[PDB]
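Asker: Pasting input-v4.pdb below, which is PDB, N, CA and C atoms.
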```pdb
ATOM      1  N   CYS A   1     -36.643  26.245   6.495  1.00  0.00           N
ATOM      2  CA  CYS A   1     -37.132  25.505   5.325  1.00  0.00           C
ATOM      3  C   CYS A   1     -36.026  24.515   4.918  1.00  0.00           C
ATOM      4  N   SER A   2     -35.521  24.532   3.679  1.00  0.00           N
ATOM      5  CA  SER A   2     -34.488  23.607   3.183  1.00  0.00           C
ATOM      6  C   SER A   2     -33.233  24.409   2.784  1.00  0.00           C
ATOM      7  N   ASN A   3     -33.245  25.104   1.634  1.00  0.00           N
ATOM      8  CA  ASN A   3     -32.183  25.955   1.094  1.00  0.00           C
ATOM      9  C   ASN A   3     -32.787  27.267   0.563  1.00  0.00           C
ATOM     10  N   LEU A   4     -32.197  28.418   0.897  1.00  0.00           N
ATOM     11  CA  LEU A   4     -32.615  29.768   0.540  1.00  0.00           C
ATOM     12  C   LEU A   4     -33.296  29.938  -0.829  1.00  0.00           C
ATOM     13  N   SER A   5     -32.561  29.938  -1.945  1.00  0.00           N
ATOM     14  CA  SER A   5     -33.134  30.111  -3.286  1.00  0.00           C
ATOM     15  C   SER A   5     -34.133  29.020  -3.669  1.00  0.00           C
ATOM     16  N   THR A   6     -33.843  27.766  -3.284  1.00  0.00           N
ATOM     17  CA  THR A   6     -34.731  26.613  -3.517  1.00  0.00           C
ATOM     18  C   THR A   6     -36.099  26.772  -2.843  1.00  0.00           C
ATOM     19  N   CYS A   7     -36.185  27.354  -1.645  1.00  0.00           N
ATOM     20  CA  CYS A   7     -37.455  27.609  -0.942  1.00  0.00           C
ATOM     21  C   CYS A   7     -38.324  28.612  -1.723  1.00  0.00           C
ATOM     22  N   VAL A   8     -37.750  29.737  -2.167  1.00  0.00           N
ATOM     23  CA  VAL A   8     -38.472  30.748  -2.976  1.00  0.00           C
ATOM     24  C   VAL A   8     -38.887  30.163  -4.326  1.00  0.00           C
ATOM     25  N   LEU A   9     -37.945  29.533  -5.025  1.00  0.00           N
ATOM     26  CA  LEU A   9     -38.172  28.858  -6.313  1.00  0.00           C
ATOM     27  C   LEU A   9     -39.295  27.792  -6.201  1.00  0.00           C
ATOM     28  N   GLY A  10     -39.303  27.032  -5.100  1.00  0.00           N
ATOM     29  CA  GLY A  10     -40.309  26.011  -4.788  1.00  0.00           C
ATOM     30  C   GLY A  10     -41.675  26.660  -4.588  1.00  0.00           C
ATOM     31  N   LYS A  11     -41.771  27.668  -3.702  1.00  0.00           N
ATOM     32  CA  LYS A  11     -43.023  28.415  -3.461  1.00  0.00           C
ATOM     33  C   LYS A  11     -43.552  29.033  -4.767  1.00  0.00           C
ATOM     34  N   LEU A  12     -42.678  29.564  -5.624  1.00  0.00           N
ATOM     35  CA  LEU A  12     -43.056  30.154  -6.920  1.00  0.00           C
ATOM     36  C   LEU A  12     -43.584  29.056  -7.873  1.00  0.00           C
ATOM     37  N   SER A  13     -42.965  27.869  -7.869  1.00  0.00           N
ATOM     38  CA  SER A  13     -43.416  26.713  -8.674  1.00  0.00           C
ATOM     39  C   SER A  13     -44.803  26.241  -8.178  1.00  0.00           C
ATOM     40  N   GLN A  14     -45.017  26.272  -6.846  1.00  0.00           N
ATOM     41  CA  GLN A  14     -46.274  25.924  -6.157  1.00  0.00           C
ATOM     42  C   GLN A  14     -47.370  26.909  -6.627  1.00  0.00           C
ATOM     43  N   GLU A  15     -47.031  28.206  -6.712  1.00  0.00           N
ATOM     44  CA  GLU A  15     -47.935  29.284  -7.145  1.00  0.00           C
ATOM     45  C   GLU A  15     -48.329  29.034  -8.616  1.00  0.00           C
ATOM     46  N   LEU A  16     -47.351  28.708  -9.476  1.00  0.00           N
ATOM     47  CA  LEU A  16     -47.571  28.380 -10.899  1.00  0.00           C
ATOM     48  C   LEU A  16     -48.495  27.163 -11.047  1.00  0.00           C
ATOM     49  N   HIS A  17     -48.267  26.067 -10.319  1.00  0.00           N
ATOM     50  CA  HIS A  17     -49.157  24.895 -10.387  1.00  0.00           C
ATOM     51  C   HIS A  17     -50.626  25.241 -10.027  1.00  0.00           C
ATOM     52  N   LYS A  18     -50.934  26.005  -8.959  1.00  0.00           N
ATOM     53  CA  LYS A  18     -52.344  26.380  -8.675  1.00  0.00           C
ATOM     54  C   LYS A  18     -52.872  27.327  -9.779  1.00  0.00           C
ATOM     55  N   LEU A  19     -51.987  28.132 -10.380  1.00  0.00           N
ATOM     56  CA  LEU A  19     -52.359  29.111 -11.429  1.00  0.00           C
ATOM     57  C   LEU A  19     -52.746  28.293 -12.702  1.00  0.00           C
ATOM     58  N   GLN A  20     -52.167  27.094 -12.893  1.00  0.00           N
ATOM     59  CA  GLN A  20     -52.460  26.175 -14.012  1.00  0.00           C
ATOM     60  C   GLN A  20     -53.807  25.462 -13.791  1.00  0.00           C
ATOM     61  N   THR A  21     -54.230  25.219 -12.541  1.00  0.00           N
ATOM     62  CA  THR A  21     -55.526  24.558 -12.254  1.00  0.00           C
ATOM     63  C   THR A  21     -56.693  25.550 -12.301  1.00  0.00           C
ATOM     64  N   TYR A  22     -56.441  26.860 -12.451  1.00  0.00           N
ATOM     65  CA  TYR A  22     -57.435  27.957 -12.569  1.00  0.00           C
ATOM     66  C   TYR A  22     -58.652  27.646 -13.465  1.00  0.00           C
ATOM     67  N   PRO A  23     -58.524  27.029 -14.665  1.00  0.00           N
ATOM     68  CA  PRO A  23     -59.670  26.654 -15.524  1.00  0.00           C
ATOM     69  C   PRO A  23     -60.654  25.609 -14.924  1.00  0.00           C
ATOM     70  N   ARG A  24     -60.329  25.030 -13.752  1.00  0.00           N
ATOM     71  CA  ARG A  24     -61.128  24.039 -13.002  1.00  0.00           C
ATOM     72  C   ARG A  24     -61.352  24.519 -11.548  1.00  0.00           C
ATOM     73  N   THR A  25     -60.314  25.060 -10.881  1.00  0.00           N
ATOM     74  CA  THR A  25     -60.251  25.589  -9.514  1.00  0.00           C
ATOM     75  C   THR A  25     -58.804  25.813  -9.035  1.00  0.00           C
ATOM     76  N   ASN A  26     -58.438  27.089  -8.819  1.00  0.00           N
ATOM     77  CA  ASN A  26     -57.123  27.527  -8.318  1.00  0.00           C
ATOM     78  C   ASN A  26     -57.034  27.455  -6.779  1.00  0.00           C
ATOM     79  N   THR A  27     -58.135  27.176  -6.083  1.00  0.00           N
ATOM     80  CA  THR A  27     -58.213  27.087  -4.622  1.00  0.00           C
ATOM     81  C   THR A  27     -58.512  25.667  -4.114  1.00  0.00           C
ATOM     82  N   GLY A  28     -59.691  25.117  -4.430  1.00  0.00           N
ATOM     83  CA  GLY A  28     -60.178  23.809  -3.989  1.00  0.00           C
ATOM     84  C   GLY A  28     -59.317  22.592  -4.345  1.00  0.00           C
ATOM     85  N   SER A  29     -58.499  22.627  -5.406  1.00  0.00           N
ATOM     86  CA  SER A  29     -57.682  21.463  -5.830  1.00  0.00           C
ATOM     87  C   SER A  29     -56.412  21.860  -6.605  1.00  0.00           C
ATOM     88  N   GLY A  30     -55.640  22.823  -6.088  1.00  0.00           N
ATOM     89  CA  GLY A  30     -54.411  23.330  -6.707  1.00  0.00           C
ATOM     90  C   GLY A  30     -53.129  22.553  -6.376  1.00  0.00           C
ATOM     91  N   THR A  31     -53.183  21.231  -6.147  1.00  0.00           N
ATOM     92  CA  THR A  31     -52.006  20.388  -5.797  1.00  0.00           C
ATOM     93  C   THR A  31     -52.233  18.925  -6.231  1.00  0.00           C
ATOM     94  N   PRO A  32     -51.201  18.160  -6.660  1.00  0.00           N
ATOM     95  CA  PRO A  32     -51.367  16.755  -7.030  1.00  0.00           C
ATOM     96  C   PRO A  32     -51.895  15.914  -5.853  1.00  0.00           C
TER      97      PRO A  32
END
```
Using structure tokens, write down the structure from this file.
Answerer:
Amino acid sequence: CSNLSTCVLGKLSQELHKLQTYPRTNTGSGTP
């Protein structure tokens, strides 16, 4: 990947962003 802690922190931030789109769709459109 890139850097150890940054990869986990990034994946966790990615998980939070799809969790924020949940009121519209957490699967079909969970990314900018």
Asker: Got a sec to tell me which of chain A DSSP assigns to helix (DSSP H, G or I), as a ChimeraX atom specification?
Answerer: /A:4-20
Asker: Any idea what's packed within 9 Å of region 6-15 of chain A, counting only C-alpha atoms, ignoring anything in its chain fewer than 5 positions away? Could you give it as a list in words?
Answerer: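 Listing them by chain and then by number gives residues 1, 20, 30 and 31 of chain A.
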Asker: With N, CA and C atoms retained, write the just-selected residues as a compact mmCIF listing (two decimals), in the frame of the given file.
Answerer:
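Printed below is part-v1.txt as written:
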```txt
# COMPACT_ATOMS: atom_id res chain seq x y z
N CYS A 1 -36.64 26.24 6.50
CA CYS A 1 -37.13 25.50 5.32
C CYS A 1 -36.03 24.52 4.92
N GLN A 20 -52.17 27.09 -12.89
CA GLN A 20 -52.46 26.18 -14.01
C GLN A 20 -53.81 25.46 -13.79
N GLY A 30 -55.64 22.82 -6.09
CA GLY A 30 -54.41 23.33 -6.71
C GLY A 30 -53.13 22.55 -6.38
N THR A 31 -53.18 21.23 -6.15
CA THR A 31 -52.01 20.39 -5.80
C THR A 31 -52.23 18.92 -6.23
```
Asker: CA of residue 19 (chain A) and atom N of residue 2 (chain A), how far apart in Å?
Answerer: 23.1 Å
Asker: Rounded to one decimal in Å, what is the spacing between CA of residue 4 (chain A) and CA of residue 18 (chain A)?
Answerer: 22.0 Å
Asker: So how far away is CA of residue 3 (chain A) from CA of residue 22 (chain A), in Å?
Answerer: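 CA of residue 3 (chain A) lies 28.8 Å from CA of residue 22 (chain A).
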Asker: Enclose the full set of atoms of region 2-16 of chain A listed in the file within a box whose edges lie along x, y and z, apply 8 Å of padding to each of the six sides, and report centre and edge lengths in Å to one decimal as AutoDock Vina command-line options.
Answerer:
```
--center_x -40.3 --center_y 27.2 --center_z -3.7 --size_x 32.3 --size_y 23.1 --size_z 30.7
```
